[PDB]
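Note sheet for the following structure.
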Amino acid sequence: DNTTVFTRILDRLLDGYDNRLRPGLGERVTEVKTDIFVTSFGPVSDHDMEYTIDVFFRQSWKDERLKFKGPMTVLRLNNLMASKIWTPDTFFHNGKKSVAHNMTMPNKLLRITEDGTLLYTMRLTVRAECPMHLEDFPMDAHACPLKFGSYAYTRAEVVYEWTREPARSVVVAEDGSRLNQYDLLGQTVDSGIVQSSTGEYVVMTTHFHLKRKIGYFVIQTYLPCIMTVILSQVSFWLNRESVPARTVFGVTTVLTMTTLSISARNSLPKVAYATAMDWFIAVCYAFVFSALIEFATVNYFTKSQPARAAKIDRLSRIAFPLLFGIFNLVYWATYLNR
Amino acid sequence: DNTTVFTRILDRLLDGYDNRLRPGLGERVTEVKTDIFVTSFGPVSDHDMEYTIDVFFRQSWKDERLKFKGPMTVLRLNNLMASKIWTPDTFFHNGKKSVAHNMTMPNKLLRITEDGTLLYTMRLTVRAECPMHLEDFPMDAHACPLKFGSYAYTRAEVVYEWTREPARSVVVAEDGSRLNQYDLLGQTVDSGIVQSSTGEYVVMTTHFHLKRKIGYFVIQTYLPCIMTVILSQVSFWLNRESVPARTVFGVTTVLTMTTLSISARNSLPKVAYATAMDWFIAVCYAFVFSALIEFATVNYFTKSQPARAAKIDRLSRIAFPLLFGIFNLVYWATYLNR
Amino acid sequence: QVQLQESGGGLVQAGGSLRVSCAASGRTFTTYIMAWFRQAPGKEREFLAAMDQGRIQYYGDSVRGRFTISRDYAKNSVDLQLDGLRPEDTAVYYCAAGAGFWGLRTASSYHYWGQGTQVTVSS
Amino acid sequence: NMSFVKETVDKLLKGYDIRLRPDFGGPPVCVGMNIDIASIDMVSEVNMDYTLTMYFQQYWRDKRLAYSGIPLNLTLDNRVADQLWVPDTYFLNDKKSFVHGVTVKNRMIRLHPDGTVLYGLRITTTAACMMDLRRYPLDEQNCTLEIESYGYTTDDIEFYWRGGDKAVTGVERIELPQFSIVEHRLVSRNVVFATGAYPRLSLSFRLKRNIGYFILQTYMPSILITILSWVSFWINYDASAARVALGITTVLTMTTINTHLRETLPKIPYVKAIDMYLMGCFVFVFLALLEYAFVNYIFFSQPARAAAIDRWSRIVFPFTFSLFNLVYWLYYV
Amino acid sequence: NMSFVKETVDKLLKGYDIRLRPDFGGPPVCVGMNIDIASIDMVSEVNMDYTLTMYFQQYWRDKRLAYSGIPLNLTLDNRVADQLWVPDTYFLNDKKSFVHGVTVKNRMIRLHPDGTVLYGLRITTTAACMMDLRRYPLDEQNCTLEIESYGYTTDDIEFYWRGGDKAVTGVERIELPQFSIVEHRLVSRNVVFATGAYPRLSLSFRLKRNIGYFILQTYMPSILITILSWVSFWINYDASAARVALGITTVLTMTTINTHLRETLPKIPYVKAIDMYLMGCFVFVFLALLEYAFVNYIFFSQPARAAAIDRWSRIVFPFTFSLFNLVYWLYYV
Amino acid sequence: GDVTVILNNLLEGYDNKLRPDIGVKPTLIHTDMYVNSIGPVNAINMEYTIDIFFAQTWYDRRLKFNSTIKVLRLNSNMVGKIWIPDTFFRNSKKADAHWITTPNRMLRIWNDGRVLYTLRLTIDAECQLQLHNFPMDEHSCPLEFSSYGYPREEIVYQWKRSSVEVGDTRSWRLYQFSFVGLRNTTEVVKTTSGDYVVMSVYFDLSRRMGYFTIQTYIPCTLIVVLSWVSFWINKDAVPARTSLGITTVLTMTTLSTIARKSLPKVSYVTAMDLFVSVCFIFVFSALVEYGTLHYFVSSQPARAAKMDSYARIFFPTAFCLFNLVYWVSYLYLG
Ligand SMILES: *[C@@H]1O[C@H](CO)[C@@H](O[C@@H]2O[C@H](CO)[C@@H](O[C@@H]3O[C@H](CO[C@H]4O[C@H](CO[C@H]5O[C@H](CO)[C@@H](O)[C@H](O)[C@@H]5O[C@H]5O[C@H](CO)[C@@H](O)[C@H](O)[C@@H]5O)[C@@H](O)[C@H](O[C@H]5O[C@H](CO)[C@@H](O)[C@H](O)[C@@H]5O)[C@@H]4O)[C@@H](O)[C@H](O[C@H]4O[C@H](CO)[C@@H](O)[C@H](O)[C@@H]4O[C@@H]4O[C@H](CO)[C@@H](O)[C@H](O)[C@@H]4O[C@@H]4O[C@H](CO)[C@@H](O)[C@H](O)[C@@H]4O)[C@@H]3O)[C@H](O)[C@H]2NC(C)=O)[C@H](O)[C@H]1NC(C)=O
Ligand SMILES: *[C@@H]1O[C@H](CO)[C@@H](O[C@@H]2O[C@H](CO)[C@@H](O[C@@H]3O[C@H](CO[C@H]4O[C@H](CO)[C@@H](O)[C@H](O[C@H]5O[C@H](CO)[C@@H](O)[C@H](O)[C@@H]5O)[C@@H]4O)[C@@H](O)[C@H](O[C@H]4O[C@H](CO)[C@@H](O)[C@H](O)[C@@H]4O)[C@@H]3O)[C@H](O)[C@H]2NC(C)=O)[C@H](O)[C@H]1NC(C)=O
Ligand SMILES: *[C@@H]1O[C@H](CO)[C@@H](O[C@@H]2O[C@H](CO)[C@@H](O)[C@H](O)[C@H]2NC(C)=O)[C@H](O)[C@H]1NC(C)=O
Ligand SMILES: *[C@@H]1O[C@H](CO)[C@@H](O[C@@H]2O[C@H](CO)[C@@H](O)[C@H](O)[C@H]2NC(C)=O)[C@H](O)[C@H]1NC(C)=O
């Protein structure tokens, strides 16, 4: 009874229908309402300068060619009819290879209201570029963009808008964080215009703010280097006749700093500029290098001017801890604030 | 007009033909005769417990709906025509991800005889699961299975048989073996029944019997460990007064055993139990450890009881080679005879 | 240690059901093939049935349609339902587990063997 | 008899509309689900996901597909699935999944006289589950699979497990090289999104990691290096080259172990149990070499006190290392 | 003009049976093949395969497509290939291949007035070849490519190389980073399978591995460590700690070299020339340390005999090592 | 409205298997390219990644119409219905178009019959790199495209006024290299099936040295200086100087391994392999120097005394001279 009426409506809407033409072609500008629900903010790859995100993409627009009358004010269709109508050709400007899920069915939904308003929803896995300035590594903060718009329609044909207030038009699930080493501070929602050789296009922008977690680098790199520097200045308090004890202290701190530097630089992304960890390791290496030069000097002046050698050792016993403390204070005050 | 006559027969066979129904539906069981030709038995991965195989799959059945009369008695069919008739839905129960090749065209072939018999051949690459027991590694042997049957038709509708005697129904090419760490001994062919939540099905099975080659581990792991143990027992023949010489000797043979053990363990997959190599390495490590404990005991008793220290070194020069030779005899007789 | 203990058996009056069980201990045989064998007095040792990890059932050409094999993977056991028994079925039934190297139908490929259980058929 | 079946099937598919759900506009259609797990493998810490292979069956009743005159269940060719309506079921945490297609697409459609439709698929899916590795490798994990309808709501479709707690089979036959499945659980609930409510079914497993691999591959080398560091206490103090070489080679070996484990293990930027154990062993060998630093520093003025320190170190170091192991294993097992 | 061409093409494609080969039921259709190789790369020893990109062209005659009145060779859109008969050619040893599709499918169909068809495809394929590495890194490999018809026998189709020995071009423009192509060869034979005789064309290359990388990277460190092991023969025999440390450290260094080479080169589990050379050097330094162990053992009672053994070792070890190197660099070069 | 009538009448009597002016004159195609970003350069595989917008313009007499509408702006739904040139990239290893959320294709038609077709592409293109001067090497990586089936008598390509455009060149993923400039050319290539017009674009790239300086050059220099540290240690500290020497040798070998992990397995010596090998020779000679000093202490103590004094001058001088020649040759003489 009812199914026959519903099928006659479905077989009647598309009578003399052209999906090659946008709604309001030549009479008005089609307006699209857009909102995103982030199911999971996936991993961020520092080596590839890109990130992954799994989203529900919801678009709303008005097509007066699809008005209908019937008891059911809303009709929800799976996928065969939704491919026979006009849909916006949205694409991500900075998006790399993305995936539209097809298990166990196409993850697409099309709803129609009585007035002809259509709602189109899809599930996507967007992989987008996030340029990074790693000068403050590993104490850096980044803002990864997500920009989308119409590929073929200029701003005189199709314009995009957020469904609600811009803050409320992008929603992130509470369990939708998949960041091993980042904290998602927040997001900013924007709209604008881009200019090309084919015309002007409307672009919708979203920025996600990320802050890298530092406790890993503190326990893996910073603490061993600080302890090795402390051991190198501990060497200054042993008697000058104890050649093996001070030599082993010096050379083992040098070997430890060399090993730490090699390990530390084999994990960073290949950036051709220096970061904050490179400077910290370089200064710790130069401190243990100068400590071994200081012992080389003490051993050189021993047996000829023991008074000068003792005065050099005393001043290194004063200068080195103070200089290292001042270096750490400058380093951490500089980088933590920024 | 011979081409037009043949075209008429082709355009006449499929008149009133439904490919959604198996032959004899509701009247009799569809018998499928199957044989396999193996063109290459590809690599076996012990880490993933899987193997690759490239085969020609030949199936044969009878369809009374496809009888014809004409000048020829055998028809070769284009792959476009082979998709219009009913074919069995054979699948591999333990397959992981298989590929049907279609370069440069689909690697399918369908021949029709005058009496109504259909021969259907295809080329496939199958990655299957071969669970392994690695307690005897690297002196282990495995039986890797390959099981196939119908996904949708129960044993009341479709049954499978081998074209010839089961031994001669699976044939491997002379140059088929593409194995660098295994030796293919042979195969056994069988057939059983499985029961699922949807019904009972016929399963055709083949087992390939593999035995691992051990020369690589002999030349890479066992020989360096045996030489390191012999070197550590060479220390017993150095004079007692060379304390630093024998201490460096023992501690460097200990470091050599540790390096060899870690190198060997890198190759092994992550298994819960202990393989035969784990026991061999643990025993060699305990032997060099006891040789260094023996020298520590001699040095402890030196300069106070030189007679006992000399007696200990003289007995160690016999006991250590004897105990190691006995261990090797037991090790290489327990595992080489399985 | 690993022990395969067998239960059931006894005597039946030339018919009826007879479910022989087999419980394993000291090792989990989930990834192994568990089979049943039969030894008539002084005669050859014969393969009866077997079930692998994938629940594929293999039977001998003489007992197909009469003996049903099953496995309780949770309890790590295996059962054999003997139906339509005949006087020729009087023998000692054995339980075995193995990897099936060089053939699961050959007795020389099973690492562990049971102690047997006499089944007597009276007519 | 076969022509009558052909007529009946073509009768059913004549006028059939794929775009309308059964009982469209009326009561919701009830869909029952079965899962037959075939294998679980590749539990990846780096990728934070796992791979699952299964048989996925769905049962529902469509009155438009009811037929009479044939006392049989019709198993049809799987391409007829494209001519019928099937639920828009999807997995919420699936990263990558596919349907096997050798030698044909691994799909099944079966019809019953009352109109019940059975729809089966053989699916391999990679599902994402978060892992809390603070207790690694002595950790337990809880990984799930979420089943939901993409487009319909509870006014249109409903999900239930067919068979109660017996709806999922095959877990007892799974063998994992590094884990052992402890339990599995079935949950049915609805999720209230912005577009309305959505039926959902959830299947979860709890995994407990095995320790033998880490015992024989990770902890034993560090233990052995710690024990080897005590050999110095039994060497004469005038053997400076032997004790220095032993101390610095044990330091280099422990550093190489820690660095290469950091290179091979997954990058998990928080403190785990393995990092605490390796750091504790590094501290023990650091103190073992520092003890000789004190002895070398005092063996000339007070040779008897330095000998008493070496003798007491021969007892304190093994005792404090066994106390550390006892506390570590009590606090983690 | 244009309408005449459209009329002719629609006449050609009207009543065309794609399921029938040319001259069906009569003489076999002759197919000529050309290959133009663009590049070869990623010759993988681990996977035992190589990657090839090429322009594959086929040339046959179909009298059903002959047309008259147009003095032109009609190059059609490649989608017309879906409406025409093409050979069922396949590569036997292929593991993974695809046809490029940017900006469209890289496919060509060209017709001639006499009915001749030219069919072109741009293909990247991964072909597997067995490699014998017993002479590695002084080895020479032979990798082929097999071309066959999947479902036709010699009664219905035949293969030949179009152009004789000029059928394959582009070999001299291939630059492998680790090989040089010594030669290539073309073969034509019929493979006798069970279903019947199948035509087959074979193209093979012979690759010769470059040796300059391995001379600098592998053999020189082993040679220099072996020479350094001879330094102890010129050291006083009363310095037991120095000669023992040198001998055992050269043994440790040789082990380190072997394990580093174990980590760097591909896992090929059988005995190669590199293993024989590393074993020969390990034996030489083992006997040098056993010689010092003998000297230290006998240097007290017979100092003159020990010094004579050292004096003769200063001659024998370099001479025996040079004879070993001469045999090695003659049995392979 | 009438736009559907226009499209239906245009597609009526249209055969898309035939190029425009098939029997009259070659079809002239004007091409444009906008480079969104040039991705990482893979020296190991000798390939690079590029993302572009590709535009083509041509005339089709069959697509003329008369109306008050000047241009018909269409999406990809009509791409498969009209004739499209079969342009392909000759040196492409793997290329694909973008399909999220819809096929990224735009088609515009003017009333005079002019057709504009644009799509977005990501390409992995081949670039053979000469690494003799690595890491001070310069390259010109090409990107070539032509027609797969149509020879020069049927399809001719031609650059427009602004051929290749680049936006923010600093917003790219090039760490090792810096972008210099681009050129675009035209050539005719003769093949076995005819003569084809080939259009090429070349991108000039010069490598940055800051990374290899921080990772390799500076650590190696500091290791060499550390091996010079042994010359100022008292000769009586045998264990200390032996451990220092052998540990510096181990460190040199450790740094030496990581030098070639960023390169393919070329069999010629690069400037980096030469630098690492000379540093290895310096530390090797410093350890042989200590072995000689230790041996000479008993035999010729005065000569061994003078040996360390001579080494303190010769080794830093010879290493500074080597570095001066190395950097002069590789930075000012090639
Ligand atoms: C060996 O076997 C393999 C397979 O094992 C085989 O590969 C497959 O080959 C077939 C062709 O034989 C390919 O099918 C074509 O794919 C074209 C697009 O390819 C891209 O997309 C693929 C996925 O397709 C999904 O998405 C597209 C849109 O992007 C959509 O059109 C599809 O329907 C499909 O969408 C389904 O799934 C999504 C989720 O994924 C759902 O959201 C959605 O609801 C729906 O369910 C993708 O797989 C491709 O990637 C592969 O290939 C690229 C290279 O191309 C490679 O780089 C990748 O690595 C990967 O390998 C790729 O991204 C598609 O356009 C084709 O459809 C055409 O043509 C058919 C046939 O004539 C026709 O039926 C269609 O309607 C359509 O006609 C055109 O399409 C135009 C598109 O712009 C359109 O403008 C036109 O208007 C017209 O469309 C319609 O026309 C009618 C009539 O006018 C009109 O009424 C309509 O309104 C409408 O306008 C075709 O489907 C398949 O993709 C290949 N798969 C793979 C994995 O390679 C291989 O070829 C075999 N080799 C040999 C030698 O035999
Ligand atoms: C891995 O980790 C996951 C996540 O933590 C675990 O999954 C959780 O498992 C538990 C135990 O099975 C689940 O709790 C159960 O939830 C169901 C569903 O409740 C929903 O649907 C009901 C209708 O079917 C509905 O009535 C419920 O509404 C009530 O509850 C909500 C709660 O907010 C409340 O707001 C309402 O007012 C109602 O009161 C709800 O929508 C529920 O039916 C179960 O009830 C059992 O337990 C209760 C007592 O708690 C008892 O009274 C009942 O009689 C019954 O015995 C139960 O609460 C939980 O929902 C799962 N979490 C998620 C996210 O799905 C998983 O178990 C872990 N793995 C392993 C192996 O452990
Ligand atoms: C159509 O193609 C044929 C075959 O390639 C062309 O005939 C060849 O033309 C070349 C150039 O003149 C000659 O060297 C060959 O000898 C010809 N082949 C034969 C078999 O005679 C023909 O010229 C082409 N026609 C057009 C208009 O291009
Ligand atoms: C790309 O090609 C175009 C077309 O040939 C070049 O544009 C012309 O270049 C010539 C010199 O080769 C000038 O004389 C013309 O004035 C140019 N025409 C213009 C700019 O409209 C263009 O220079 C090429 N790009 C290069 C070489 O970088």
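By order of appearance in the structure tokens: chains A, B, ..., then residues from 1 within every chain, and ligands from 1 in the order shown.
Note on identical chains: chain D superimposed on chain E gives 1.2 Å, C-alpha RMSD over every paired atom.
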| Non-local contacts of residue 32 in chain C (8 Å; only C-alpha atoms; under 5 positions in same chain excluded) as an NGL selection string | :C and (52-53 or 97-99)
TODO: Could you give me, as a list in words, every polymer residue with an atom at most 10 Å away from an atom of ligand 3, counting only C-alpha atoms and all ligand atoms?
DONE: residues 70, 71, 72, 73, 74, 110, 111, 112, 113, 114, 116 and 118 of chain E; 151, 153, 192, 193 and 194 of chain F
For the structure I just gave you, how does DSSP split range 103-172 of chain D - specifically, which residues are strand (DSSP E or B)? Reply as a ChimeraX atom specification.
/D:103,107-111,116-128,140-149,157-161,168-169
Margin query: Set the cut-off to 9 Å and count only C-alpha atoms: what are the residues of chain D that reach chain A? Output as number ranges by chain.
Written below: D: 17-21, 23-25, 86-99, 121, 123, 130, 150-152, 240, 244, 248, 251-252, 255-256, 259-260, 262-263, 267-271, 292-294, 296-297
Within 12 Å of ligand 2, counting only C-alpha atoms and all ligand atoms: which residues, as a PyMOL selection string?
(chain A and resi 175) or (chain D and resi 129-131+140-147+158-161+165+181-192+197-208)
With C-alpha atoms retained, could you export that selection as a compact mmCIF listing (two decimals), in the first residue's frame?
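Dumped to out-v4.txt:
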# COMPACT_ATOMS: atom_id res chain seq x y z
CA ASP A 175 37.62 9.24 22.84
CA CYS D 129 42.27 -0.19 19.75
CA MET D 130 44.11 2.00 22.22
CA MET D 131 46.78 0.27 24.29
CA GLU D 140 46.57 -6.37 29.85
CA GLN D 141 44.71 -4.94 26.87
CA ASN D 142 41.04 -4.63 25.94
CA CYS D 143 40.40 -4.44 22.19
CA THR D 144 36.95 -4.11 20.67
CA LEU D 145 35.02 -4.16 17.42
CA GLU D 146 32.06 -1.83 16.89
CA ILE D 147 29.18 -2.67 14.54
CA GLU D 158 17.46 -2.74 15.06
CA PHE D 159 20.45 -4.93 15.88
CA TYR D 160 20.57 -7.95 18.15
CA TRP D 161 22.91 -10.87 18.69
CA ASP D 165 26.16 -15.14 24.16
CA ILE D 181 42.73 -14.33 25.09
CA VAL D 182 41.24 -14.23 28.58
CA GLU D 183 37.61 -13.30 27.87
CA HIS D 184 35.24 -11.96 25.23
CA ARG D 185 32.07 -9.96 25.71
CA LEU D 186 29.00 -8.88 23.72
CA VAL D 187 27.33 -5.51 24.35
CA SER D 188 24.19 -4.07 22.72
CA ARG D 189 23.36 -0.37 23.09
CA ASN D 190 22.34 2.71 21.14
CA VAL D 191 24.47 5.77 20.36
CA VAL D 192 22.71 9.15 20.28
CA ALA D 197 19.93 7.44 17.57
CA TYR D 198 21.91 4.55 16.10
CA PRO D 199 21.84 0.85 17.05
CA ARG D 200 25.22 -0.59 17.94
CA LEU D 201 26.71 -3.95 18.83
CA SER D 202 30.14 -4.34 20.37
CA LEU D 203 32.44 -7.34 20.69
CA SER D 204 35.43 -7.09 22.99
CA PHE D 205 38.38 -9.29 23.92
CA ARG D 206 40.78 -9.01 26.83
CA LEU D 207 44.40 -9.97 26.14
CA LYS D 208 47.19 -10.84 28.59
| field | Expected answer as an MDAnalysis selection string: chain D residues within 12 Å of chain E, only C-alpha atoms | value | chainID D and resid 239 241:242 245
Saved selection, atoms kept: N, CA and C atoms, as a JSON list (two decimals), in the first residue's frame:
[["chain", "number", "residue", "atom", "x", "y", "z"],
["D", 239, "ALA", "N", 95.32, -4.69, 39.49],
["D", 239, "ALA", "CA", 95.01, -5.02, 38.10],
["D", 239, "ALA", "C", 94.10, -3.93, 37.53],
["D", 241, "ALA", "N", 94.11, -2.33, 34.62],
["D", 241, "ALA", "CA", 93.63, -2.47, 33.25],
["D", 241, "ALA", "C", 92.48, -3.46, 33.16],
["D", 242, "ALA", "N", 92.52, -4.53, 33.95],
["D", 242, "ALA", "CA", 91.46, -5.53, 33.89],
["D", 242, "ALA", "C", 90.16, -4.98, 34.46],
["D", 245, "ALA", "N", 88.82, -2.14, 32.15],
["D", 245, "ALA", "CA", 88.26, -2.71, 30.93],
["D", 245, "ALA", "C", 86.93, -3.40, 31.20]]
